[PDB]
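Working notes, beginning with the structure itself.
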Amino acid sequence: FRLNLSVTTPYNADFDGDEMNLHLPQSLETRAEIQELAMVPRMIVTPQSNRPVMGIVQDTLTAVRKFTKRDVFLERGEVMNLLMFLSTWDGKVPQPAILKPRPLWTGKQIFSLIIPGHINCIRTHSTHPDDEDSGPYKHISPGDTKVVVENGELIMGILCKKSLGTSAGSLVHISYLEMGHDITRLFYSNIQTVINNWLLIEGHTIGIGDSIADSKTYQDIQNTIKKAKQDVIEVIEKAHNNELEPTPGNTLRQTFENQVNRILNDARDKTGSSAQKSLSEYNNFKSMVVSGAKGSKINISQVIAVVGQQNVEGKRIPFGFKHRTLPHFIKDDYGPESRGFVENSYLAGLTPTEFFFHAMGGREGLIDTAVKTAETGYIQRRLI
Amino acid sequence: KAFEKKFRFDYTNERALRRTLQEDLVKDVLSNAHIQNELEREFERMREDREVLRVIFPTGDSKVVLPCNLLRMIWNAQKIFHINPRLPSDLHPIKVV
Amino acid sequence: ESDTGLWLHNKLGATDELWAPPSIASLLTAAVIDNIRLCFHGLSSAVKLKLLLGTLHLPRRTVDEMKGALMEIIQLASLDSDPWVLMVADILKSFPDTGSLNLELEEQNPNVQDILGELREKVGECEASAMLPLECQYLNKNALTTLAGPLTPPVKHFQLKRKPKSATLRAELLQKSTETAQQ
Amino acid sequence: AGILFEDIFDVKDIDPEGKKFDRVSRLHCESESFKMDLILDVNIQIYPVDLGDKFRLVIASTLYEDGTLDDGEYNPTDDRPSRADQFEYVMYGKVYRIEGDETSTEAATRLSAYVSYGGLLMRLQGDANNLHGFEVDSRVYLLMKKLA
Amino acid sequence: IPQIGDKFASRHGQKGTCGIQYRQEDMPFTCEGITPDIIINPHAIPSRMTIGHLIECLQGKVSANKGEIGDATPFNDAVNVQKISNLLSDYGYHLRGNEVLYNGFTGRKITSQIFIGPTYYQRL
Amino acid sequence: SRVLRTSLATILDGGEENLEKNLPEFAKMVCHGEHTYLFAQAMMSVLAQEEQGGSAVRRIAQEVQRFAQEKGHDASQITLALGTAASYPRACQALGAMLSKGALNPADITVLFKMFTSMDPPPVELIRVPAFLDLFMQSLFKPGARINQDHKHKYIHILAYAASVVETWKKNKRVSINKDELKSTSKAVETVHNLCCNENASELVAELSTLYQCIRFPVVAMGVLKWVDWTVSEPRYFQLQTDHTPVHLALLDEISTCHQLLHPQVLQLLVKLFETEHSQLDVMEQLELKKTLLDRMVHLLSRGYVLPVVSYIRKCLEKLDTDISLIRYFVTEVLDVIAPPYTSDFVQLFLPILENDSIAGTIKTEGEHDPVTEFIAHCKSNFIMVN
Ligand SMILES: [Mg+2]
């Protein structure tokens, strides 16, 4: 069953061996009933949270985010290739944004040819600076991060998942409400077709070049891990000598564990931020995160910089042996590496104790996923 | 005071009415006092609505779900009817009320 | 250039601002100044005041190139009946010549005389517990003794029974700093 | 004849807070005479602009010197003489916002027109006597030409 | 015969059915004549975080060029990605396995530089 | 001119208390037009020609110049054009470009340093300008902002010559200067910049006796105050916790102890931290952090600087109220250390916070020395009934 891409999101169907069921309505009356109630254009906006469910899925979303940037220019032949795929094109090639020296179209003009009717929305791109609308340039955005669609034409801004996704007030939700629902079916189809066919010209990848920071960043990461590790060791030598004082409301041990978890979470956050200041704007991890298509900043921090503290039941790796976590550690070792903090990243790879502690955290996640299903289904059954 | 500045439609000022309305509508507003009474009564209703909302919403937030997106509809009317909002307008505020 | 009085009134005549606008050294070239010198009595007093204050924001070498033309603009500025242009010309007449502004503003002006007389009396009678300048947070004890007299002691508003617990804090941290120094 | 605006500017800054896009940069420019600011997105690849340049910039409602008022379709075969042969960098776009220093009592003195050329933004902040030809949601051309 | 719907998988939990089969003239190609056999999604990587797939692909280029079956024991410290990249750079490739693919339909070379190289796929 | 005259008379009859209240109401006039700024600063120069009380005039000129730097003037060129520094041209031109950039260039300080430490120094009032020393503190004692180890000693020698040497202007000429304490000043500022460069906190506890030796010097104490400002006011700092981290606050106590002119900046730092809500901390932990800051305010109250502190405590009990338990702890710690006699201003300012709004919480278990009852009895004995 070849079915389309944007219908993946309401179905939660990710094509990795998923099989679907297809019923045929036998009467003509129930055929008209399904056509007038349960068509997927008539099921774009959900009643549960008054927002759409379709949205624009991953590869169309990154390609449309790279497409609608300010520095995207299109030759006449590439424009005529792209406009071949618009179903709703009235046959008029638009006037170029650059007439001389060369007739050269901006990608926002082709995207304005996509956007149907005359709809008007103002959204913000995922990396819009919050201090931009305070000072100047709040209408002439220097990062091109303020989406304005106006009179059915994309004035400005880069379209991330906050513009085309399933968030409420997005461009597709307003295209549902102001225009029709057949028109939004056309809008989804036109976005998918013409942005995939631009993506053939552009091309999009991910690689091992996208997972390596320059050596100054690695020096920053290792200096931060060394500083936080020495800080945890000096908290430990304060805790042994009874110089640690208890926080009001808990024991001295829970005070200690708050200090150690606070230092290690600060280390994870500082190394995560210092990793993600070094993508150089072509890194494809940043290309998928900024569009919001697939992943987050945490995945960038864990691939480049540091995996971080591994947890089992919301606290650290417990002492399964007698007063030690693994038989490689000395007894009563409350340090970072003994208790499950992983200082390596997925680019460098984990040491075997960090591998095993990481496998513990992953087993906790899989146990959650496997035990959740029956109880949630039974709650749904009782409610219905 | 921000509520009274933003919603009252102060009619006594000449020059603001000259900038916002056309001169026949300006002398229509400034001459008649019945229209001034109806504008004062709709500001009375908006003070009443403000007190009703502050009883309904004791937490100071206003992100509320409602059917017609009125600001987007006003902006659609602007873009369809080609307003050019630098010029003085030509709808009578008693037609609005 | 041509119509240069209108050009100065266009680039500088936004009367809603009163500071010397930036890029004033890029608006004052020696050819432009030598165009000002013949149309100086035509342009308005606000633009003229912007001009006279912008002539101080030039770098020193550009002033030292053609200080004679700037002094000619000063001499034409001292003849004007405006109070601001006359006062600023009286201040600014010594800036291209020496580098320092004027300090002898006392003649030809009863205003400066009244302000200086009343304020010399006021400064002479207000020496008690004087406000030390912002440099006095920096220079040393004996250097402050050289500059502005000795240290004025605080008002003893009360009597202290015992030293507060910050004395215990500094004693304990000095003990900790001895114990850490010997490790 | 159809020109809304014409002035000589002078490039003071090229994208001074860093370069957000490699192919297009914004130019913070002051006018030569009229005392007005212009922030302009230009393609550096096909038309390089260096700092300290001086250029003419002519917003025109149409390129055709008779003022025939085309719709805005791409007609590469029209041999009607347009004004673009005088210039070397022609951008077509719509003017989307005219904000200004105005008060509810008296008129606006300093206007600020905003115009997007496809996606390439341009703010022109000047006086109201020079920006009077601009109207919100109309279609303008750019016509810049650098000169020594 | 492998057709679409047939479920393939890497050695890293990167499964997926066959979406489509293009012929060789439609498939992209390097500066040399090498087309891909599989083209996998770039979005399959960053949330799943199989960086070991990328490192297997890089060490696969190094292995197939050097003429030796490369080593991928987990806890080694004699093989990190920088040594793999320095070994790949000697055989006339990019450091990080990226290679300029040409498009198979239009022939215009793809603006991005596609990560390419041999992995080990399993048919399920 | 006359409005300027009466406002100067108002401020100069006011004092240091009126320095905070009247100075924006004075500075919005004289920074409105920059030509008015030129007129006002020229009057400041001619009035500060006299050594008989002209220091307050120079102070008011420096706050007007600081407000001009805040609002957006490039008023440093006016400031140097008023000065005698323009008599020696190229040094003043270097200062003009550098204070027009508002940042330190190492090549520019080599240009300065080649002119200093010779047998013909400039008159020392060219380097005593406080915005220049503030840019020194910014470029030198930020916890980041590394300085490249080669012109570093030139920086330290310039600050030492600024804050060290004396002179004798016997009819506009100097005949006896000395340089015999700027080696100790250079050693102190070098040790402190090394301690701010090493960024290792067990070492910060270790060399704290040497750091206490350093803060005997005023420029060292001002620099450590700016460094602890820039260190402690980083968000999510309070996660090292020793006695809720009083180490840098013990350096606040050292700065407050060994000097007195820094006390407004010290109080400004403490009331900036006290108003700052610290997210991600426990609420008891926030409350004990506030107790520690109030312990520091009590230590400022002990060393003479009392009336702005009690004025702030009254301001935060009355206007925009903080926790009442913090004010109760402040009253408890202040009344455990003070003894009669009592100056009438302290009684007048300390009375309404004590008698209104939590009488009862002050006495729980004191006994051996009586509580607030003694202060009430002394307050009845001082005033005229209480009035
Ligand atoms: Mg599945």
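By convention in this document, the chains of the structure tokens carry letters A, B, ... by their order, each chain's residues are numbered from 1, and ligands are numbered from 1 in the order they are shown.
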Nearby residues (only C-alpha atoms) at most 10 Å from residue 383 of chain F, same-chain spacing under 6 positions excluded, as a ChimeraX atom specification: /F:344,347-348
Resulting file, chosen residues, N, CA, C and O atoms, as a PDB file, in the first residue's frame:
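The result, stored in out15.pdb:
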ATOM      1  N   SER F 344      20.490  60.037  66.889  1.00  0.00           N
ATOM      2  CA  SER F 344      19.056  60.233  66.678  1.00  0.00           C
ATOM      3  C   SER F 344      18.597  59.811  65.288  1.00  0.00           C
ATOM      4  O   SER F 344      17.437  59.420  65.119  1.00  0.00           O
ATOM      5  N   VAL F 347      18.050  56.007  65.443  1.00  0.00           N
ATOM      6  CA  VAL F 347      16.811  55.708  66.158  1.00  0.00           C
ATOM      7  C   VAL F 347      15.601  56.037  65.296  1.00  0.00           C
ATOM      8  O   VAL F 347      14.665  55.232  65.179  1.00  0.00           O
ATOM      9  N   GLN F 348      15.626  57.209  64.650  1.00  0.00           N
ATOM     10  CA  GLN F 348      14.546  57.663  63.779  1.00  0.00           C
ATOM     11  C   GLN F 348      14.333  56.726  62.598  1.00  0.00           C
ATOM     12  O   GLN F 348      13.196  56.540  62.149  1.00  0.00           O
TER      13      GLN F 348
END
Nearby polymer residues, ligand 1, at most 9 Å, only C-alpha atoms and all ligand atoms, as a VMD selection string: (chain A and resid 12 to 19) or (chain E and resid 16)
Within 10 Å of residue 174 of chain C using only C-alpha atoms, minus same-chain residues under 4 positions, as an MDAnalysis selection string: (chainID C and resid 168:170 178:180) or (chainID F and resid 205:209 212)
Who sits within 6 Å of segment 330-342 of chain F, only C-alpha atoms, same chain under 4 positions skipped, as a ChimeraX atom specification: /C:157-162
Shell around residue 87 of chain F at 8 Å using only C-alpha atoms, local window under 5 positions removed, as a PyMOL selection string: chain C and resi 98-100
Contacts of residue 61 of chain F within 12 Å, only C-alpha atoms, excl. fewer than 2 positions in-chain, as an MDAnalysis selection string: (chainID C and resid 131:134) or (chainID F and resid 8 11 19 23 26:27 30:31 37:48 54:59 63:68 75:76 78:79 82 129:130)
12 Å contacts from chain A to chain B using only C-alpha atoms, as number ranges by chain: A: 49-51, 117-122, 149-153, 168-169, 173-174, 177-179
Preceding selection exported with N, CA, C and O atoms as a short mmCIF file (atom, residue, chain, number, x, y, z; two decimals), in the first residue's frame:
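Result file follows (part14.cif):
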data_model
loop_
_atom_site.label_atom_id
_atom_site.label_comp_id
_atom_site.auth_asym_id
_atom_site.auth_seq_id
_atom_site.Cartn_x
_atom_site.Cartn_y
_atom_site.Cartn_z
N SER A 49 -7.35 18.76 20.24
CA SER A 49 -6.54 19.91 20.62
C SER A 49 -6.55 20.99 19.56
O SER A 49 -5.53 21.65 19.37
N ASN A 50 -7.66 21.11 18.81
CA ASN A 50 -8.03 22.12 17.81
C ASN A 50 -6.89 22.62 16.93
O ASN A 50 -6.77 23.81 16.65
N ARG A 51 -6.04 21.69 16.51
CA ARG A 51 -4.82 21.90 15.76
C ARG A 51 -4.83 20.82 14.68
O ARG A 51 -5.63 19.89 14.76
N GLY A 117 -4.82 30.69 -2.22
CA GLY A 117 -5.77 31.74 -1.90
C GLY A 117 -5.06 33.01 -1.49
O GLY A 117 -4.05 33.42 -2.07
N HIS A 118 -5.59 33.65 -0.46
CA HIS A 118 -4.99 34.85 0.10
C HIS A 118 -5.10 34.71 1.62
O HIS A 118 -6.07 35.17 2.23
N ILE A 119 -4.10 34.08 2.22
CA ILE A 119 -4.11 33.81 3.66
C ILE A 119 -3.00 34.61 4.31
O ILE A 119 -2.02 34.96 3.66
N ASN A 120 -3.17 34.91 5.59
CA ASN A 120 -2.31 35.90 6.24
C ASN A 120 -1.91 35.34 7.60
O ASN A 120 -2.75 35.26 8.50
N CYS A 121 -0.63 35.04 7.79
CA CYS A 121 -0.18 34.52 9.07
C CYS A 121 1.18 35.11 9.42
O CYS A 121 1.96 35.46 8.54
N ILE A 122 1.43 35.21 10.72
CA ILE A 122 2.71 35.67 11.24
C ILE A 122 3.16 34.66 12.28
O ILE A 122 2.49 34.48 13.31
N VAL A 149 3.55 35.41 6.08
CA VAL A 149 2.77 35.15 4.88
C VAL A 149 1.68 36.20 4.84
O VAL A 149 1.03 36.46 5.86
N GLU A 150 1.48 36.82 3.69
CA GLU A 150 0.62 37.99 3.62
C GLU A 150 0.03 38.10 2.23
O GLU A 150 0.78 38.14 1.25
N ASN A 151 -1.30 38.18 2.16
CA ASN A 151 -2.08 38.16 0.92
C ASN A 151 -1.75 36.93 0.09
O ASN A 151 -1.63 37.00 -1.14
N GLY A 152 -1.60 35.80 0.76
CA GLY A 152 -1.30 34.55 0.11
C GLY A 152 0.09 34.45 -0.48
O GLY A 152 0.32 33.60 -1.34
N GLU A 153 1.01 35.30 -0.05
CA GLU A 153 2.36 35.33 -0.59
C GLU A 153 3.35 35.43 0.56
O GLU A 153 3.20 36.28 1.44
N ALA A 168 -0.73 24.52 16.59
CA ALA A 168 -1.92 25.30 16.30
C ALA A 168 -1.53 26.70 15.85
O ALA A 168 -0.49 27.23 16.24
N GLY A 169 -2.38 27.29 15.03
CA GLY A 169 -2.08 28.59 14.47
C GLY A 169 -1.03 28.59 13.39
O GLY A 169 -0.57 29.66 12.99
N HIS A 173 -2.97 25.17 9.39
CA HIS A 173 -4.23 25.28 10.12
C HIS A 173 -5.05 26.45 9.61
O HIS A 173 -6.27 26.35 9.46
N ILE A 174 -4.38 27.56 9.31
CA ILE A 174 -5.04 28.72 8.74
C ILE A 174 -5.42 28.47 7.29
O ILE A 174 -6.44 28.97 6.81
N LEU A 177 -8.64 26.68 7.72
CA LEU A 177 -9.81 27.43 8.19
C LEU A 177 -10.23 28.51 7.21
O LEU A 177 -11.42 28.64 6.91
N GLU A 178 -9.28 29.29 6.69
CA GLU A 178 -9.66 30.37 5.78
C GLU A 178 -10.05 29.83 4.42
O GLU A 178 -11.14 30.12 3.92
N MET A 179 -9.20 29.00 3.82
CA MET A 179 -9.52 28.34 2.56
C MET A 179 -10.35 27.09 2.88
O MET A 179 -10.82 26.90 4.00
#
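Using only C-alpha atoms, the nearest neighbour of chain A within the list C:176, C:154, C:8, C:112 is C:176.
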Set out as CSV a contact list for chain F and chain A with a cut-off of 10 Å, giving each residue of chain F that qualifies its closest atom pair and distance in Å to one decimal, counting only C-alpha atoms, ordered by chain and rising residue number.
residue,atom,partner,partner_atom,distance
F:199,CA,A:227,CA,9.9
F:200,CA,A:227,CA,8.7
F:201,CA,A:231,CA,9.1
F:202,CA,A:234,CA,8.5
F:236,CA,A:266,CA,8.6
F:237,CA,A:266,CA,9.9
F:239,CA,A:262,CA,6.8
F:240,CA,A:259,CA,7.7
F:241,CA,A:259,CA,8.1
F:242,CA,A:244,CA,6.8
F:243,CA,A:245,CA,7.3
F:244,CA,A:245,CA,9.1
F:280,CA,A:262,CA,9.7
F:282,CA,A:247,CA,8.6
F:283,CA,A:248,CA,9.5
F:284,CA,A:248,CA,6.4
F:285,CA,A:247,CA,7.0
F:288,CA,A:248,CA,9.5
Output for the residues just chosen: N, CA, C and O atoms as a PDB file, in the first residue's frame:
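Wrote it out as out04.pdb, contents follow:
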ATOM      1  N   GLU F 199      41.624  30.381  37.976  1.00  0.00           N
ATOM      2  CA  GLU F 199      40.242  29.857  38.042  1.00  0.00           C
ATOM      3  C   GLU F 199      40.165  28.441  38.634  1.00  0.00           C
ATOM      4  O   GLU F 199      39.620  27.501  38.052  1.00  0.00           O
ATOM      5  N   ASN F 200      40.698  28.316  39.848  1.00  0.00           N
ATOM      6  CA  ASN F 200      40.760  27.024  40.524  1.00  0.00           C
ATOM      7  C   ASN F 200      40.469  27.252  42.000  1.00  0.00           C
ATOM      8  O   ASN F 200      41.086  28.112  42.629  1.00  0.00           O
ATOM      9  N   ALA F 201      39.315  26.743  42.494  1.00  0.00           N
ATOM     10  CA  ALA F 201      38.631  27.337  43.673  1.00  0.00           C
ATOM     11  C   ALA F 201      39.194  26.827  44.998  1.00  0.00           C
ATOM     12  O   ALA F 201      39.132  27.536  46.009  1.00  0.00           O
ATOM     13  N   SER F 202      39.732  25.605  45.007  1.00  0.00           N
ATOM     14  CA  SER F 202      40.521  25.154  46.147  1.00  0.00           C
ATOM     15  C   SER F 202      41.779  25.999  46.298  1.00  0.00           C
ATOM     16  O   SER F 202      42.199  26.312  47.416  1.00  0.00           O
ATOM     17  N   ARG F 236      22.887  30.558  37.831  1.00  0.00           N
ATOM     18  CA  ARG F 236      23.188  29.186  38.259  1.00  0.00           C
ATOM     19  C   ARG F 236      24.613  29.063  38.792  1.00  0.00           C
ATOM     20  O   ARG F 236      25.308  28.081  38.539  1.00  0.00           O
ATOM     21  N   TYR F 237      25.052  30.079  39.533  1.00  0.00           N
ATOM     22  CA  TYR F 237      26.339  30.007  40.213  1.00  0.00           C
ATOM     23  C   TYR F 237      26.245  29.215  41.502  1.00  0.00           C
ATOM     24  O   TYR F 237      27.112  28.385  41.789  1.00  0.00           O
ATOM     25  N   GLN F 239      25.774  26.626  43.151  1.00  0.00           N
ATOM     26  CA  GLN F 239      25.712  25.183  43.126  1.00  0.00           C
ATOM     27  C   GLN F 239      26.943  24.552  43.750  1.00  0.00           C
ATOM     28  O   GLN F 239      26.918  23.354  44.051  1.00  0.00           O
ATOM     29  N   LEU F 240      28.012  25.314  43.949  1.00  0.00           N
ATOM     30  CA  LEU F 240      29.032  24.992  44.934  1.00  0.00           C
ATOM     31  C   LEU F 240      28.548  25.585  46.246  1.00  0.00           C
ATOM     32  O   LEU F 240      28.048  26.715  46.270  1.00  0.00           O
ATOM     33  N   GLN F 241      28.590  24.794  47.315  1.00  0.00           N
ATOM     34  CA  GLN F 241      27.928  25.171  48.562  1.00  0.00           C
ATOM     35  C   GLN F 241      28.741  24.681  49.745  1.00  0.00           C
ATOM     36  O   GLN F 241      29.088  23.503  49.816  1.00  0.00           O
ATOM     37  N   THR F 242      29.338  25.604  50.533  1.00  0.00           N
ATOM     38  CA  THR F 242      30.337  25.273  51.574  1.00  0.00           C
ATOM     39  C   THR F 242      29.845  25.655  52.961  1.00  0.00           C
ATOM     40  O   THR F 242      29.818  24.811  53.864  1.00  0.00           O
ATOM     41  N   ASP F 243      29.444  26.915  53.150  1.00  0.00           N
ATOM     42  CA  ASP F 243      28.361  27.272  54.068  1.00  0.00           C
ATOM     43  C   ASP F 243      27.461  28.202  53.255  1.00  0.00           C
ATOM     44  O   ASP F 243      27.377  29.398  53.544  1.00  0.00           O
ATOM     45  N   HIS F 244      26.698  27.603  52.335  1.00  0.00           N
ATOM     46  CA  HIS F 244      25.973  28.307  51.268  1.00  0.00           C
ATOM     47  C   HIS F 244      26.852  29.335  50.548  1.00  0.00           C
ATOM     48  O   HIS F 244      26.421  30.452  50.247  1.00  0.00           O
ATOM     49  N   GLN F 280      16.053  27.398  40.486  1.00  0.00           N
ATOM     50  CA  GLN F 280      16.605  26.049  40.619  1.00  0.00           C
ATOM     51  C   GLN F 280      17.245  25.778  41.981  1.00  0.00           C
ATOM     52  O   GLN F 280      17.914  24.753  42.144  1.00  0.00           O
ATOM     53  N   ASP F 282      16.630  25.264  46.266  1.00  0.00           N
ATOM     54  CA  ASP F 282      15.627  24.954  47.267  1.00  0.00           C
ATOM     55  C   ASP F 282      15.208  26.239  47.968  1.00  0.00           C
ATOM     56  O   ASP F 282      15.979  27.193  48.075  1.00  0.00           O
ATOM     57  N   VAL F 283      13.960  26.265  48.425  1.00  0.00           N
ATOM     58  CA  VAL F 283      13.400  27.500  48.952  1.00  0.00           C
ATOM     59  C   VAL F 283      13.984  27.801  50.326  1.00  0.00           C
ATOM     60  O   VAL F 283      14.250  28.962  50.662  1.00  0.00           O
ATOM     61  N   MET F 284      14.215  26.758  51.130  1.00  0.00           N
ATOM     62  CA  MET F 284      14.992  26.913  52.355  1.00  0.00           C
ATOM     63  C   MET F 284      16.417  27.339  52.043  1.00  0.00           C
ATOM     64  O   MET F 284      17.023  28.117  52.786  1.00  0.00           O
ATOM     65  N   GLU F 285      16.964  26.825  50.948  1.00  0.00           N
ATOM     66  CA  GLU F 285      18.317  27.175  50.544  1.00  0.00           C
ATOM     67  C   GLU F 285      18.394  28.617  50.056  1.00  0.00           C
ATOM     68  O   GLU F 285      19.363  29.325  50.356  1.00  0.00           O
ATOM     69  N   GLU F 288      18.252  30.704  53.263  1.00  0.00           N
ATOM     70  CA  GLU F 288      19.525  30.788  53.966  1.00  0.00           C
ATOM     71  C   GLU F 288      20.565  31.576  53.179  1.00  0.00           C
ATOM     72  O   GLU F 288      21.454  32.190  53.781  1.00  0.00           O
TER      73      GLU F 288
END
Alpha helix (DSSP H) per DSSP on the backbone: members of segment 103-310 of chain A, as a VMD selection string: chain A and resid 107 to 114 161 to 164 171 to 177 182 to 202 215 to 240 252 to 275 284 to 291 297 to 300
Segment 65-77 of chain D environment, 12 Å, only C-alpha atoms, sequence neighbours closer than 6 positions dropped, as a ChimeraX atom specification: /A:76,79-80,90-100,102-105 /D:1-4,83-86,92-94,138-141
Computed interatomic separation between atom CA of residue 11 of chain C and atom CA of residue 85 of chain C (Å): 19.1 Å
Within 12 Å of chain D: residues of chain C, using only C-alpha atoms, as a VMD selection string: chain C and resid 1 to 16 21 to 23 26 to 27
Those same residues - N, CA, C and O atoms - I'd like them written as a compact mmCIF listing (two decimals), in the first residue's frame.
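Printed below is out.txt as written:
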# COMPACT_ATOMS: atom_id res chain seq x y z
N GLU C 1 30.30 70.68 -2.00
CA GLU C 1 29.54 70.49 -3.22
C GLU C 1 28.64 71.69 -3.49
O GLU C 1 28.68 72.67 -2.75
N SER C 2 27.85 71.60 -4.55
CA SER C 2 26.86 72.63 -4.83
C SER C 2 25.73 72.57 -3.81
O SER C 2 25.38 71.49 -3.30
N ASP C 3 25.17 73.75 -3.50
CA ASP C 3 24.07 73.94 -2.55
C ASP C 3 24.44 73.40 -1.17
O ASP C 3 23.63 72.75 -0.51
N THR C 4 25.67 73.68 -0.73
CA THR C 4 26.22 73.01 0.45
C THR C 4 25.58 73.47 1.75
O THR C 4 25.60 72.73 2.73
N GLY C 5 25.01 74.68 1.78
CA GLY C 5 24.26 75.09 2.96
C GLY C 5 23.01 74.26 3.14
O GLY C 5 22.69 73.82 4.25
N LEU C 6 22.30 73.99 2.04
CA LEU C 6 21.18 73.06 2.07
C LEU C 6 21.64 71.65 2.40
O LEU C 6 20.91 70.90 3.04
N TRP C 7 22.86 71.29 2.00
CA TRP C 7 23.38 69.96 2.32
C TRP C 7 23.65 69.80 3.81
O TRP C 7 23.34 68.75 4.39
N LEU C 8 24.24 70.82 4.44
CA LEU C 8 24.43 70.78 5.89
C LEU C 8 23.10 70.82 6.62
O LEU C 8 22.92 70.11 7.62
N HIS C 9 22.14 71.62 6.13
CA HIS C 9 20.81 71.66 6.74
C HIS C 9 20.05 70.36 6.52
O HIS C 9 19.13 70.05 7.29
N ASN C 10 20.41 69.59 5.51
CA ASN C 10 19.75 68.32 5.24
C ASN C 10 20.35 67.21 6.09
O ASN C 10 19.62 66.43 6.72
N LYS C 11 21.68 67.13 6.13
CA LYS C 11 22.35 66.07 6.88
C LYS C 11 22.38 66.33 8.38
O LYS C 11 22.60 65.39 9.15
N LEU C 12 22.18 67.57 8.82
CA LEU C 12 22.34 67.91 10.22
C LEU C 12 21.14 68.63 10.83
O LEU C 12 21.17 68.94 12.02
N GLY C 13 20.10 68.91 10.05
CA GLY C 13 19.04 69.78 10.52
C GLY C 13 17.84 69.10 11.13
O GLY C 13 16.77 69.70 11.23
N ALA C 14 18.01 67.85 11.55
CA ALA C 14 16.96 67.16 12.29
C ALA C 14 16.99 67.69 13.71
O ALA C 14 17.76 67.24 14.55
N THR C 15 16.14 68.69 13.97
CA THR C 15 16.17 69.41 15.24
C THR C 15 15.61 68.61 16.41
O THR C 15 15.73 69.06 17.55
N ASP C 16 15.02 67.44 16.16
CA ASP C 16 14.55 66.58 17.24
C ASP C 16 15.68 65.89 17.99
O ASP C 16 15.43 65.32 19.06
N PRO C 21 25.79 64.19 15.96
CA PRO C 21 25.47 62.88 15.41
C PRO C 21 26.70 62.15 15.01
O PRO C 21 27.76 62.76 14.73
N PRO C 22 26.69 60.81 14.98
CA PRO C 22 27.86 60.04 14.57
C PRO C 22 28.12 60.19 13.08
O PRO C 22 27.30 60.72 12.32
N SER C 23 29.30 59.70 12.68
CA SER C 23 29.90 59.94 11.36
C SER C 23 30.02 61.43 11.06
O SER C 23 29.81 61.88 9.94
N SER C 26 33.22 61.96 9.14
CA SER C 26 33.03 61.61 7.74
C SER C 26 32.17 62.62 7.00
O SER C 26 32.06 62.55 5.77
N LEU C 27 31.56 63.56 7.72
CA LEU C 27 30.81 64.65 7.12
C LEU C 27 31.59 65.95 7.09
O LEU C 27 31.12 66.93 6.50
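Separating atom CA of residue 128 of chain F from atom CA of residue 96 of chain F is a distance of 14.3 Å.
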Report the closest atom pair, with its distance in Å rounded to one decimal, for each residue of chain E that has an atom no farther than 9 Å from chain A; count only C-alpha atoms, sort by chain and then rising residue number, and write it as a tab-separated table.
residue	atom	partner	partner_atom	distance
E:5	CA	A:17	CA	7.5
E:6	CA	A:17	CA	8.2
E:7	CA	A:17	CA	6.4
E:8	CA	A:16	CA	8.8
E:15	CA	A:16	CA	6.2
E:16	CA	A:16	CA	4.3
E:17	CA	A:16	CA	5.5
E:19	CA	A:15	CA	8.8
E:41	CA	A:205	CA	8.1
E:42	CA	A:206	CA	5.3
E:43	CA	A:294	CA	6.2
E:44	CA	A:294	CA	8.4
E:45	CA	A:206	CA	7.8
E:46	CA	A:295	CA	5.7
E:47	CA	A:295	CA	4.7
E:48	CA	A:295	CA	8.4
E:49	CA	A:299	CA	7.2
E:50	CA	A:346	CA	8.2
E:51	CA	A:346	CA	6.3
E:52	CA	A:346	CA	7.9
E:54	CA	A:208	CA	5.9
E:55	CA	A:208	CA	7.1
E:58	CA	A:208	CA	7.9
E:74	CA	A:349	CA	8.0
E:75	CA	A:351	CA	6.3
E:80	CA	A:348	CA	6.7
E:81	CA	A:348	CA	7.5
E:95	CA	A:209	CA	8.2
E:96	CA	A:209	CA	5.2
E:97	CA	A:208	CA	7.5
E:98	CA	A:207	CA	7.2
E:103	CA	A:200	CA	7.3
E:105	CA	A:200	CA	8.8
E:106	CA	A:201	CA	8.3
E:108	CA	A:201	CA	7.1
E:109	CA	A:201	CA	7.6
E:110	CA	A:203	CA	5.5
E:111	CA	A:202	CA	4.9
E:112	CA	A:203	CA	5.3
E:113	CA	A:205	CA	7.2
E:114	CA	A:205	CA	5.5
E:115	CA	A:207	CA	5.4
E:116	CA	A:207	CA	8.6
